[PDB]
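Novice: give the three-dimensional model of this entry:
(one chain, ligands or ions: 3)
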Amino acid sequence: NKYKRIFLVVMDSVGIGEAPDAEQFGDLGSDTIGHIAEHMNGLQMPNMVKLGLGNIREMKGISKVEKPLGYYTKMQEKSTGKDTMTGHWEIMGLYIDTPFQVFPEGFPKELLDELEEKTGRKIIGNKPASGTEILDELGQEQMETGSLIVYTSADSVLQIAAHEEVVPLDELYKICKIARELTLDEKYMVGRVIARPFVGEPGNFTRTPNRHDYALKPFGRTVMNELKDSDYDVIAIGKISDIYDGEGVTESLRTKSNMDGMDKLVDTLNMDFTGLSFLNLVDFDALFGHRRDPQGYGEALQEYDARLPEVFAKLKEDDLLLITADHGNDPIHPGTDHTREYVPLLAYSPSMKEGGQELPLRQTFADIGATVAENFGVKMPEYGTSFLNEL
Ligand SMILES: [Mn+2]
Ligand SMILES: [Mn+2]
Ligand SMILES: [Mn+2]
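Specialist: Numbering: from 1, shown residues only. Ligands and ions are numbered 1, 2, ... in the order given. Sure, the structure comes next:
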């Protein structure tokens, strides 16, 4: 193998400007990093800059360097959707025609009608809400009626809340499995059905650790599957395992924050493995992009950047670091959805003694999967063109 270990970091939602097909999505003008940089009066990301972020695109506080540490370019999404699952599935070598849906005005009556028809239970709520908001509003009604609180977030999810002392956990799980079947329908296609059991009393409801997720498997066998099948390590950090529903994963490390994600990345650098370590930094999307909070987003990017020099120090000659994103989520954009954007790609190994160069623009995110597959000599994905030889 050219590289013994590849460290792949997805800065979730960290887009680098509207894609050629942004108009289709109502995403004209979208620019995640650029708008944040403007809000911050210049972003402080000296390490990403050293890698060549400004060489991809110059933005406020983010300038090009003469000798970037590694190779750089951006990637264009080929799949139809701009959601997390589509982006990640494409990165690992797939092409996804059918987009996952979001529901800012709640779910269509037709879906909720069938769920009622199959479960024998009434549905209340049917809107985007945090767990706390929806429970304060409807928790008491739920307890008194045995109805199901159905709600969503800004992402492609269908969440079902029920009090553990009113709806048995096992019954809630059965209901979520029914909802999971009904939502395998392109009209209602949600990435994830989530059981949200809760306990307590009016004015004091708490969601329990008995949350269960019902995800769809990737629409194809991914480069991760092939790595696992060839006895390579595939270490998933953060939301990665969930995003792929465990497919191709050999070890999964849960994280609770971006900083914790970087700590686990550091943990994997200290591990003797051969294969892939794959981190998702989710705070960018979950805490800042969807909440349209450019200040919080900017601070998070600066916090992430400050962690990088330790990563640089731990990389070996036969390690490769890949940093990218899965879509945009411009925190100064209308609405709460993601934005259709190019994503940055930075590829760095300490063995690049003379620094890196510009790569041709990646015409699909699957170019990452193809590169990983070629490196480890496993079956090449159907989509994607490897840039391994360019490095
Ligand atoms: Mn938009
Ligand atoms: Mn995402
Ligand atoms: Mn999102």
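
Novice: give the contact list for the residue lying closest to residue 290 once chain neighbours are set aside.
Specialist: Leaving aside its chain neighbours, residue 290 sits nearest to residue 154 (4.0 Å; criterion: C-beta to C-beta, 6 or more residues apart in numbering). C-betas here are computed from N, CA, C, even on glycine. Residues near residue 154 by C-beta atoms under 8 Å, 6 or more residues apart in numbering: 102, 104, 128, 290, 336-337.

Novice: residue 154: what secondary structure?
Specialist: Per DSSP: H, G, I helix; E, B strand; the rest coil, the secondary structure class of residue 154 is coil.

Novice: residue 340 touches residue 20, doesn't it?
Specialist: No - if you go by C-beta atoms under 8 Å, residue 340 and residue 20 don't touch, sitting 9.1 Å apart.

Novice: who has more neighbours out of the two?
Specialist: Neighbours per residue, other C-beta atoms under 10 Å: of residue 340 and residue 20, the larger number sits with residue 340, 24 against 10.

Novice: what ranges do the strands span in the stretch 201-350 of the chain?
Specialist: 204-207, 212-215, 233-237, 251-253, 275-281, 319-324, 343-348 (DSSP state E, counting those that start in this stretch).

Novice: one step back: could you export the contacts of residue 154 as JSON lines, including distance to residue 374 and neighbour count?
Specialist: Formatted as JSON lines, the contacts of residue 154 follow (distance: C-beta to C-beta, whole Å; neighbours: other C-beta atoms under 10 Å):
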{"residue": "102", "distance to residue 374": "35", "neighbour count": "22"}
{"residue": "104", "distance to residue 374": "41", "neighbour count": "11"}
{"residue": "128", "distance to residue 374": "42", "neighbour count": "21"}
{"residue": "290", "distance to residue 374": "35", "neighbour count": "20"}
{"residue": "336", "distance to residue 374": "38", "neighbour count": "16"}
{"residue": "337", "distance to residue 374": "34", "neighbour count": "22"}
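
Novice: which one of those residues is nearest to ligand 2?
Specialist: Nearest to ligand 2 among these is residue 290, at 10.1 Å by C-beta to the ion.

Novice: ok, now which ones touch residue 112?
Specialist: Contacts of residue 112 by C-beta under 8 Å, 6+ apart are 123, 126, 150.

Novice: for residue 171, see how far away the first one is.
Specialist: Yep, that's residue 123 we're talking about. 15 Å (C-beta to C-beta, to the nearest Å).

Novice: more crowded one of the two?
Specialist: Neighbour count, other C-beta under 10 Å: between residue 123 and residue 171, residue 123 has more, with 17 against 13.

Novice: would you list the strands of the stretch 201-350 of the chain in CSV and tack on mean neighbour count?
Specialist: CSV is the format used below for the strands of the stretch 201-350 of the chain (neighbours: other C-beta atoms under 10 Å):
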stretch, mean neighbour count
strand 204-207, 14
strand 212-215, 17
strand 233-237, 24
strand 251-253, 16
strand 275-281, 27
strand 319-324, 24
strand 343-348, 26
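
Novice: and ligand 2, which of those is closest to it?
Specialist: So among the strands of the stretch 201-350 of the chain, strand 275-281 is nearest, using C-beta to the ion, at 7.6 Å.

Novice: please compute how far that closest one lies from its chain's middle.
Specialist: 12 Å (C-alpha atoms, centre = their mean, to the nearest Å).

Novice: for the residue nearest to residue 365 when sequence neighbours are not counted, give its distance to ligand 1.
Specialist: Closest residue to residue 365 apart from its sequence neighbours, by C-beta to C-beta, 6+ apart: residue 90 at 4.0 Å. As judged by C-beta to the ion, to the nearest Å, residue 90 and ligand 1 stand 20 Å apart.

Novice: specify the local secondary structure of residue 90.
Specialist: helix.

Novice: by how many degrees do whatever helix or strand residue 86 lives in and strand 275-281 diverge?
Specialist: Assigned by DSSP states H and E, residue 86 belongs to helix 84-91. On the basis of axes from the mean of the first three to the mean of the last three C-alpha atoms, to 10 degrees, helix 84-91 is oriented at 150 degrees to strand 275-281.
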